[PDB]
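We number each residue from 1, following the sequence as shown. Every heavy atom of this structure was used, including side-chain atoms; hydrogens, water molecules and symmetry mates were not.
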Amino acid sequence: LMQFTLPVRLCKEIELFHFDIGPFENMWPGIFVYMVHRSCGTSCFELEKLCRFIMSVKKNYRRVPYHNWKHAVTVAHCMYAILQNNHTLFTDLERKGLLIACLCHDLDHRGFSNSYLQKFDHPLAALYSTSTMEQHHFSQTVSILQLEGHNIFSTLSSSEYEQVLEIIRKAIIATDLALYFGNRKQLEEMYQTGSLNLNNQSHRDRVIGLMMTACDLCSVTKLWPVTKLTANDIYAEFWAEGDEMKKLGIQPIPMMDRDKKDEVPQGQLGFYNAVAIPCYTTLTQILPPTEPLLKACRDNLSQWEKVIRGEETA
Ligand SMILES: Cn1ncc(C(=O)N2CCOCC2)c1C(=O)Nc1ccn2cc(-c3ccccc3)nc2c1
Ligand SMILES: [Mg+2]
Ligand SMILES: [Zn+2]
């Protein structure tokens with residue numbers, strides 16, 4: 001066999017939840033294959049088909065500040081850390097499906113929200129009335145899988161292929177943050193009444209949904225310098241969208257208005273309190289070994305509070 005290896009520092013640090021994949025774009029495909037080989041197995045995929053698939057996915061991400069190829073591999077790495085620290089809890093098909101779902105989950109993103117596509121009257125909004133971009137990301141995933149020499153699931157039976165594509169579809173749709181609020185509330189009630197049952201497929205779907213949110217938002221779980229610099233890329237996109245809202249004659253929401261730049265630290269505090277902390281809190285309740293995501297999120301909350309008090313500059 002030809003086994004994938006990483007340099008000593010990457011081999012050690014890739015196992016940490018707060019790993020950053022670095023600025024060398026040409027190393028990310030190898031980092032992804034390494035993670036697939038360790039979390040799934042060296043026999044899960046034909047290396048030639050997987051490599052061809054990876055390079056086609058990369059080509060269908062756009063040169064946008066945040067929703068780019070680096071984001072796809074970063075979200076895949078957070079899923080790798082969750083799977084490796086909870087290895088007894090997931091099925092063979094879920095391992096095969098979830099790293100692929102993460103790599104593909106923002107395919108052909110143009111850096112605009114579902115709200116903007118609706119207000120613009122983009123053709124995608126007519127095709128997909130809810131979770132507009134997320135239905136598009138899944139459609140793009142299916143298109144790539146159906147290219148000649150790209151069927152990475154070719155050894156699966158018809159029924160197994162259908163199951164893994166359903167795992168991928170549900171996981172990608174769950175990254176619509178509008179759906180997260182309802183999903184987390186249901187999981188919180190299920191955990192607190194002790195009704196949560198991982199033998200129940202409808203419950204497994206919700207747990208995978210929350211895992212996808214946790215991976216998608218994982219910038220808030222990095223070390224402070226990574227968290228702060230990633231926020232710059234997020235706002236680059238938000239403020240471009242705000243500009244486009246103003247061109248349509250619509251007042252943008254505060255987070256999309258570049259003239260409100262000085263309110264970002266208080267905006268971050270609001271986001272950590274309303275979304276991030278509850279997300280990682282509920283995930284740690286269901287999957288205790290994901291504790292390091294919540295610890296790092298609480299640490300960054302404390303950093304944004306220091307910025308607000310004028311002890312940190314951003
Ligand atoms: C870090 N992080 N990681 C992922 C995401 C995220 O939400 N994504 C989904 C949309 O696609 C990008 C990722 C964020 C984030 O910063 N969210 C937010 C959420 C709400 N806000 C309100 C304000 C704000 C308010 C008033 C004035 C100025 C700013 N600023 C924010 C930032
Ligand atoms: Mg998305
Ligand atoms: Zn994303």
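At most 12 heavy atoms of other shown residues, nucleotides or ligands fall within 6.0 angstrom of atom CD in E189. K119 NZ: 12 or fewer foreign heavy atoms inside a 6.0 Å radius. Other residues, nucleotides and ligands contribute only 12 or fewer heavy atoms inside 6.0 Å of the CD atom of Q3. Enclosure of atom CZ in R63 is not indicated, since only 12 or fewer non-hydrogen atoms of other residues, nucleotides or ligands lie within 6.0 angstrom. A 6.0 Å sphere centred on CD of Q201 holds more than 12 heavy atoms belonging to other residues, nucleotides or ligands. The environment of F120 atom CZ is sparse: at most 12 non-hydrogen atoms of other residues, nucleotides or ligands sit within 6.0 angstrom.
A salt bridge does not link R62 to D106: none of the charged side-chain nitrogens sits closer than 4.0 Å to a carboxylate oxygen. Under a 4.0 Å N-O distance rule, the pair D243/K247 does not qualify as a salt bridge. Using a cutoff of 4.0 Å between basic side-chain nitrogens and carboxylate oxygens, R52 and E148 are not scored as salt-bridged. Under 4.0 Å is where a charged nitrogen must lie from a carboxylate oxygen, and between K246 and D257 at least one such pair does. A salt bridge links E188 to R184: at least one charged side-chain nitrogen sits closer than 4.0 Å to a carboxylate oxygen.
Checking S113 against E241 by side-chain atom types alone, a donor-acceptor pair falls below 3.5 Å. Counting only N and O atoms by type, the side chains of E134 and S131 include no donor and acceptor under 3.5 Å apart. With 3.5 Å as the limit, one finds a donor-acceptor pair spanning the side chains of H150 and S56. Remark: the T227 side chain and the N300 side chain contain an N/O donor-acceptor pair separated by less than 3.5 Å. A donor and an acceptor atom, one from each side chain of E15 and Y80, are located under 3.5 Å apart. Between the side chains of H105 and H71, at least one donor N or O lies within less than 3.5 Å of an accepting N or O.
Nearest heavy-atom pair, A276 versus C297, reported as atom, atom and distance to 0.1 Å: CB-SG, 3.7 Å. The two residues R258 and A240 come nearest to each other via the heavy atoms NH2-N, 3.7 Å. The two residues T230 and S219 make their nearest non-hydrogen contact at CG2-CB, 3.5 Å. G22 and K70 get closest at one heavy-atom pair: O-CE, 3.5 Å. When all heavy atoms are compared, the tightest approach of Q118 to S129 is NE2-O, 4.3 Å. For the pair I208 and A171, the tightest heavy-atom approach, listed with the atom from each and the gap, is CG2-CB, 4.3 Å.
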**OP:** Verify salt bridge (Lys or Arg N to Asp or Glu O under 4.0 Å) between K295 and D299, making sure each step is shown before the conclusion.
**Re:** CA-CA 6 Å; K295 181 192 180 296; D299 285 345; 2.8 Å; yes

Subject >> Audit row: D92, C40, side-chain contact (heavy atoms from CB on, under 4.5 Å) steps and yes/no >> reply: CA-CA 7 Å; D92 288 342; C40 200; over 6 Å; no

**OP:** Could you walk me through whether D20 and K222 pass the salt bridge (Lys or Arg N to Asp or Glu O under 4.0 Å) test, one step at a time?
**Re:** CA-CA 8 Å; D20 178 85; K222 303 305 184 184; over 6 Å; no

**OP:** Evaluate the criterion side-chain contact (heavy atoms from CB on, under 4.5 Å) for residue pair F53 and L145; output intermediate values, then yes/no.
**Re:** CA-CA 7 Å; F53 181 79; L145 283 171; 3.4 Å; yes

**OP:** Could you check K49 against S154 for side-chain contact (heavy atoms from CB on, under 4.5 Å), going step by step and ending with a plain yes or no?
**Re:** CA-CA 10 Å; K49 288 193 191 234; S154 65; 4.0 Å; yes

Original post:
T281 and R298: side-chain contact (heavy atoms from CB on, under 4.5 Å), yes or no, with the steps?
Top reply: CA-CA 10 Å; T281 297; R298 284 201 196 276; 3.9 Å; yes

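A side-chain donor-acceptor contact under 3.5 Å links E94 to the backbone of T91. Distance alone, capped at 3.5 Å, is enough to place a donor-acceptor pair between the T141 side chain and the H137 backbone. The backbone N or O of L287 sits nowhere less than 3.5 Å from a side-chain atom of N86 that would complete a donor-acceptor pair. A donor-acceptor pair under 3.5 Å links the side-chain atoms of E237 to the main chain of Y66, judged by distance alone. Using a distance-only test at 3.5 Å, with no hydrogens or angles considered, no donor-acceptor pair links the side chain of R204 to the main chain of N199. Of the possible polar contacts, none joining the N200 side chain to the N197 backbone as a donor-acceptor pair under 3.5 Å is found. Between the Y180 side chain and the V275 main chain, a donor and an acceptor come within less than 3.5 Å of each other. When atom types are taken as modelled, the side chain of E160 and the backbone of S157 share a donor-acceptor pair closer than 3.5 angstrom.
Hydrophobic clustering, with ILVMFWY side chains joined whenever heavy atoms are under 4.5 angstrom apart, keeps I250 apart from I253. Cluster annotation: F138 is connected to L93 through the hydrophobic network of ILVMFWY side chains, with a link wherever side-chain heavy atoms come within less than 4.5 Å. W239 and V64 end up in different hydrophobic clusters when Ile, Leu, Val, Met, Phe, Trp and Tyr side chains are linked at under 4.5 Å. Linking ILVMFWY side-chain heavy atoms closer than 4.5 Å, directly or via other members, places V75 and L283 in two distinct hydrophobic clusters. Both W69 and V33 belong to a single network of hydrophobic side chains, linked directly or stepwise wherever heavy atoms of I, L, V, M, F, W or Y lie under 4.5 Å apart.
The distance from atom OH of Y61 to atom NE2 of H67, rounded to the nearest 0.5 Å, is 9.5 Å. Atom CZ of residue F32 and atom SG of residue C102 lie 8.0 Å apart, to the nearest 0.5 angstrom. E162 CD to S158 OG: the interatomic distance, rounded to the nearest 0.5 Å, is 8.0 Å. In this structure, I286 CD1 and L89 CG are separated by 11.0 Å, a value rounded to the nearest 0.5 Å. In this structure, OG1 on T130 lies 7.5 Å from CG on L179, to the nearest 0.5 angstrom. Put simply, NE2 on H122 and CG on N114 are 11.5 Å apart, with the number rounded to the nearest 0.5 Å.
When side chains are defined from C-beta on, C11 counts as touching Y34, because their heavy atoms get closer than 4.5 Å. Put simply, the side chain of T213 does not reach to within 4.5 Å of the side chain of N183, judged on heavy atoms. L301 has its side chain within reach of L269: a pair of non-hydrogen atoms, C-beta onward, lies under 4.5 Å apart. Proximity of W304 to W224: side-chain heavy atoms (C-beta onward) are separated by under 4.5 Å at one or more points. You'll find the side chain of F45 stays beyond 4.5 Å of the side chain of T155, heavy atoms only. Residues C215 and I82 form a side-chain contact, since some pair of their non-hydrogen atoms from C-beta on lies under 4.5 Å apart. A heavy-atom distance below 4.5 Å is not found between the side chains of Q135 and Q140. Contact annotation: the side chain of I31 approaches that of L6 to within less than 4.5 Å [non-hydrogen atoms, C-beta and beyond].
In this structure, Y128 and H136 have tilted ring planes: the angle between them lies in the 30° to 60° band. Below 30°, between 30° and 60°, or above 60°: for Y116 and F112 the angle between ring planes is between 30° and 60°, a tilted geometry. In this structure, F153 and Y161 have perpendicular ring planes: the angle between them is above 60°, well past the 30° mark.
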